[PDB]
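Residue numbers (the entry's author numbering), protein chains in the order written: chain A, 1 to 185, 190 to 256; chain C, 1 to 187, 192 to 256; chain E, 1 to 186, 191 to 255. Accompanying notes for the structure given below.
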């Protein structure tokens with residue numbers, strides 16, 4: 001028997017917008033520690049990894065560990081029925097085939113109350129080795145979104161060169177080519197770099213533009229890179245957990 | 001001869017948005033009492049009933065009773081050419097085959113001036129057998145819109161249960177099911197109920213979502229229900245008249 | 001070796017929105033006087049004429065006269081990557097097949113830097129002479145846009161009657177017909197007329213609605229007309245140049 005109550009419902013809405021189009025089906029690993037999700041996209045290229053620790057919920061109770069299989073598109077449709085200021089409460093009986101959801105308003109005259117059909121999923125757990133990275137760029141989520149969205153019009157791949165001065169996003173294609181140079185810095193939204201070794205890597209823009217759907221979760225985004233290992237795009241669900249997107253660099 | 005002058009042109013624009021897609025053709029009953037319209041939708045399920053009393057117009061003159069047949073899509077297109085703050089004046093001669101429209105600006109340096117071709121129409125006026133109703137829910141137009149719009153994603157029909165405490169909108173379907181519980185209030193935008201007998205009725209959501217296009221006419225909406233009789237969704241065109249939608253409940 | 005630097009980048013963004021759909025390909029005539037463009041639309045009905053004088057650029061250098069052929073849709077896509085407050089610098093190194101563009105942000109955190117492939121085009125640019133016109137209507141760009149956009153729902157053509165009192169836009173079609181009467185005024193957004201002779205002319209609304217994509221360049225628009233000659237819709241790129249659209253009246 002499971003019962004997590006989250007006051008910032010917006011978090012839960014924003015998460016499923018960032019995921020519904022990248023992954024159709026996924027397995028929610030519920031624990032006393034918190035709510036986890038780990039999955040690869042439809043086409044087995046990018047890896048998603050959600051962590052919502054139990055400290056971050058206003059109430060939390062989890063007697064048995066659940067492994068709820070969910071259609072993320074279906075779950076997104078239900079969370080559309082929640083206002084952004086609503087207090088969302090997840091609940092699941094022990095002997096269960098469904099997840100309940102209860103949206104309370106700010107006024108609390110209104111009380112929405114949904115029940116979602118679950119499903120069977122035999123997806124396999126994956127290894128996320130704890131790797132230290134050469135370059136670690138911290139920048140604003142919106143600027144990373146803007147950049148990835150813009151270079152899409154130029155080309156199908158972005159080349160992220162990274163030095164000590166700043167970071168450089170490049171792209172080539174039919175109509176021409178482009179270079180977006182961002183230097184280090190400042191207050192709130194600032195570009196900062198922890199750089200062991202210089203890195204240059206190529207990534208499909210198609211997939212980065214899926215990751216940037218998480219942009220509403222965080223003012224900042226962190227990109228972590230080393231050669232011959234997957235890029236980690238991390239959006240911090242502040243004071244609560246994270247949403248990490250992993251992506252394999254191209255070989256060319 | 002006919003000449004109604006309405007200062008709040010917006011009213012007339014908002015009306016035809018609420019109707020153009022639900023009914024293609026309709027007969028405008030002009031009278032000394034005011035402008036009326038009564039019609040069933042394309043597919044003979046829902047009944048629409050507009051009343052704009054002559055007290056509510058800033059000028060009003062109607063010598064003979066007219067029965068002007070109108071393509072509501074055509075009339076909508078002309079009212080798009082009116083600004084929201086424009087002063088709209090309807091005018092028609094004796095042996096009429098056309099409706100005039102006159103848009104005066106609030107800057108007063110522009111004067112649009114349209115003429116709309118009318119048409120022949122056969123209208124069998126159903127006796128709307130004015131009833132007293134079991135439940136009469138008054139709530140905010142926007143919340144009714146939100147609710148109907150949301151539950152569409154869950155299912156094809158809404159079940160409006162109504163008690164003394166509040167009102168409960170339910171829906172079932174493929175992905176799961178949902179319940180939106182709205183309670184009454186003490187003390192602008194408030195849920196209030198006049199409840200003779202408890203009522204539970206099912207309605208197609210498809211049609212309620214058509215009715216909610218009238219939402220711009222009024223901050224509040226009133227739902228009136230009794231068993232085995234049609235639901236009345238009433239949007240008040242304040243200090244002027246109303247726009248009522250009738251709908252047949254489903255049969256269990 | 002061309003190098004124009006424009007502080008109001010927005011100008012350059014707004015221009016290419018007003019052009020990309022009307023003309024696919026066009027030839028940019030660069031000169032010491034400034035940047036010019038002259039072209040007819042895809043379907044050889046309307047004539048476009050851009051002038052950006054070199055006084056209006058914050059830096060300007062042009063050693064040789066260039067004739068850069070450009071895919072305006074491609075160039076539009078690059079200018080989307082510029083913010084509205086960005087400082088846009090055009091540059092071309094004459095032993096060249098490409099024009100570079102560099103957008104710096106006002107704060108200068110960021111410096112985007114693009115390079116666009118050019119193309120070969122048959123510079124078949126036959127000019128039209130500086131006519132004096134019967135009616136010259138000056139009105140707000142937004143109202144002209146509104147009017148053209150609205151009457152489209154009524155009909156496929158607008159009849160611009162013009163008198164001393166004001167100006168009258170008419171249209172007929174299936175559902176009915178309409179008349180928008182705008183009178184003159186006695191100072192920001194005002195309708196004013198220089199009227200030698202009275203004029204009535206018909207124009208395809210389809211094309212005027214393409215012209216009104218220039219509306220973001222200017223608070224006002226000027227319509228110039230005489231019988232049996234093309235209508236000039238002029239959007240002033242203030243303190244800098246203009247963007248003129250020419251259109252043949254119906255018969």
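The beta carbon of each residue, even a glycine, is placed where N, CA and C say it ideally should be.
With a threshold of 7 Å (Cβ to nearest heavy atom), would residue i be considered close to the ligand COA?
i             : result
residue 117/A : The ligand COA is absent from the structure shown, which contains no ligands of any kind.
Compute the beta-carbon to beta-carbon distance between residue i and residue j, rounded to the nearest angstrom, for a pair I have assumed lies under 8 Å.
i             : j             : result
residue 207/C : residue 236/C : No, residue 207/C and residue 236/C are not in contact; Cβ-Cβ is about 12 Å, not under 8 Å.
residue 209/C : residue 152/C : 5 Å
residue 50/C  : residue 247/C : 5 Å
residue 193/C : residue 223/C : 6 Å
residue 216/A : residue 148/A : 6 Å
residue 102/A : residue 137/A : Not confirmed; about 40 Å, so no contact.
residue 99/C  : residue 92/C  : 6 Å
residue 182/E : residue 139/E : 7 Å
residue 188/A : residue 19/A  : Residue numbering in chain A jumps from 185 to 190; residue 188/A, which lies between, is not modelled.
DSSP on residue i, reduced to helix/strand/coil?
i             : result
residue 140/E : strand
residue 132/C : coil
residue 15/C  : helix
residue 121/C : coil
residue 27/E  : strand
residue 221/A : helix
residue 44/C  : coil
residue 155/C : coil
residue 150/A : helix
residue 145/C : helix
residue 127/A : coil
residue 55/C  : helix
residue 228/C : strand
residue 9/E   : helix
residue 254/A : coil
residue 69/C  : strand
residue 262/A : Because chain A in this structure spans residues 1 to 256, residue 262/A falls outside the shown range and cannot be described.
residue 186/E : coil
The alpha helix (DSSP H) that contains residue i, what's its start and end?
i             : result
residue 211/C : 209-215
residue 73/E  : 72-80
Where do the ends of the beta strand (DSSP E) carrying residue i lie?
i             : result
residue 235/A : 235-241
residue 34/C  : 34-40
residue 61/A  : Residue 61/A -> no beta strand (DSSP E), and no H or E assigned at all.
residue 198/A : 196-199
residue 167/A : 166-172
residue 183/C : 176-183
residue 248/E : 245-251
residue 3/E   : 2-6
residue 101/C : 98-104
residue 163/A : Premise fails: residue 163/A is in no beta strand (DSSP E) and is neither H nor E.
residue 92/E  : 87-92
Using 8 Å as the cut-off, can you tell me whether the region 52-61 of chain C makes contact with the region 1-15 of chain E, which would need three or more C-beta pairs spanning the two stretches below that distance?
No contact exists between the region 52-61 of chain C and the region 1-15 of chain E.
With a threshold of 8 Å, are at least 3 pairs of Cβ atoms found where one atom belongs to the region 100-114 of chain C and the other to the region 28-46 of chain C?
Contact fails: fewer than three Cβ-Cβ distances are below 8 Å.
Three or more beta-carbon pairs under 8 Å between the region 63-76 of chain C and the region 21-29 of chain C, yes or no?
Verdict: yes, contact present.
Under 8 Å: do the region 168-180 of chain E and the region 223-241 of chain E share three or more Cβ pairs, one atom per stretch?
Three or more beta-carbon pairs separated by less than 8 Å are not found between the region 168-180 of chain E and the region 223-241 of chain E, which leaves the two stretches without contact.
Quick check: the region 221-234 of chain A against the region 12-27 of chain C, are there 3 or more CB pairs under 8 Å?
Segments in contact, no.
Taking 8 Å as the cut-off, does the region 77-86 of chain C touch the region 122-131 of chain C (at least 3 CB pairs, one atom from each stretch)?
As far as the Cβ criterion goes, the region 122-131 of chain C does not touch the region 77-86 of chain C, which means the pair count is below three.
Determine which residues of the region 106-133 of chain C have a Cβ less than 7 Å from any Cβ of chain E, and write them out in chain order.
Those would be 109, 110, 111, 112, 113, 114, 115, 116 and 117, in chain order.
Please name the residues in the region 35-64 of chain A whose beta-carbon is closer than 9 Å to at least one beta-carbon of chain C, in chain order.
Answer set for the region 35-64 of chain A: empty.
What residues in the region 14-31 of chain E bring their beta carbon closer than 9 Å to a beta carbon of chain A?
Result list empty, no residue passes.
Residues, ordered as in the chain, of the region 149-183 of chain C that lie near chain A by beta-carbon distance below 7 Å:
Correct list: 150, 153, 175, 176, 177, 178, 179, 180, 181, 182 and 183.
Taking only beta carbons into account, state which residues of the region 65-87 of chain A come closer than 8 Å to chain C, listed in chain order.
If the cut-off is 8 Å between Cβ atoms, the region 65-87 of chain A has 71, 74, 77, 78, 80 and 81 near chain C.
When Cβ atoms are compared, which residues of the region 194-206 of chain C fall closer than 9 Å to chain A?
If the cut-off is 9 Å between Cβ atoms, the region 194-206 of chain C has 194 and 195 near chain A.
Using a Cβ-Cβ cut-off of less than 9 Å, give me the residues of the region 224-253 of chain E that come near chain C, in sequence order.
Here the close residues number zero.
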